[PDB]
Amino acid sequence: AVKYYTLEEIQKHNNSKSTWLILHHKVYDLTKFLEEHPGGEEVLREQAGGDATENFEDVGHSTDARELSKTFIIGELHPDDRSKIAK
Ligand code: HEM
C-alpha cells in the first residue's frame, strides 16, 4: 500500500531540518541530498515543500539523475490533491 501525503503535509517540510519536494506526483525526502546535489542546495531550497516537476524538467536531468531520484521516494501525493498542482 502506497503511502500518500497531502499538499498541506508536504508543505511543512521546507527547511534544512526536513526538505521534501514533489516530482511527477512522487514525494521525495531530500534532507540529506541537499548537500550532495550536483546542481547545488539553493535550487532545491527554493522549491522545498511543494511541486518542483517543471523546474526539474526545464533544467534537464540525465537518466542517471532520474534513476538516483528514486532512492529518495517516501510516498506519493494524495489522489485528491493531484488536480492541483500536473503529473
Ligand atoms: C531527487 C531529485 C533530484 C536529483 C536526484 C537530482 C540530481 C541531479 C544530478 C545527478 C545532476 C547532475 C546533472 C545530471 O545528471 O543531469 C543535477 C543537476 C542539476 N539539478 Fe538536479 N536533481 C534533483 C532535483 C532537482 C530540482 C528539483 C532542481 C530544480 C529545482 C534541480 C536543479 C538542478 C540544476 C540546476 C542542475 C545543474 C544542471 C547542469 O549540470 O547543468 N535538480 N541534478
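Indices start at 1 and increase along the chain as displayed.
Every residue gets a Cβ built from N, Cα and C, even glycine.
According to Swiss-Prot, the protein has these features:
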BINDING   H37, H61  heme binding site
DOMAIN    2-78  domain 'Cytochrome b5 heme-binding'
MOD_RES   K3  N6-acetyllysine
MOD_RES   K12  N6-acetyllysine
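Structure coloured by features recorded in Swiss-Prot.
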{"residue": "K3", "record": "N6-acetyllysine", "DSSP class": "coil"}
{"residue": "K12", "record": "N6-acetyllysine", "DSSP class": "coil"}
{"residue": "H37", "record": "heme binding site", "DSSP class": "coil"}
{"residue": "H61", "record": "heme binding site", "DSSP class": "coil"}
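In this structure the alpha carbons, written CA, of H37 (heme binding site) and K12 (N6-acetyllysine) are 21 Å apart.
Long-range Cβ neighbours of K3 (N6-acetyllysine) (same chain, at least 6 residues apart, Cβ-Cβ under 8 Å): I74, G75, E76.
Within the same chain, residues at least six positions away from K12 (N6-acetyllysine) with a Cβ under 8 Å of its Cβ are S18, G49. In the vicinity of ligand 1, defined as a Cβ distance under 6 Å, the following of the recorded positions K3, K12, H61 are placed: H61.
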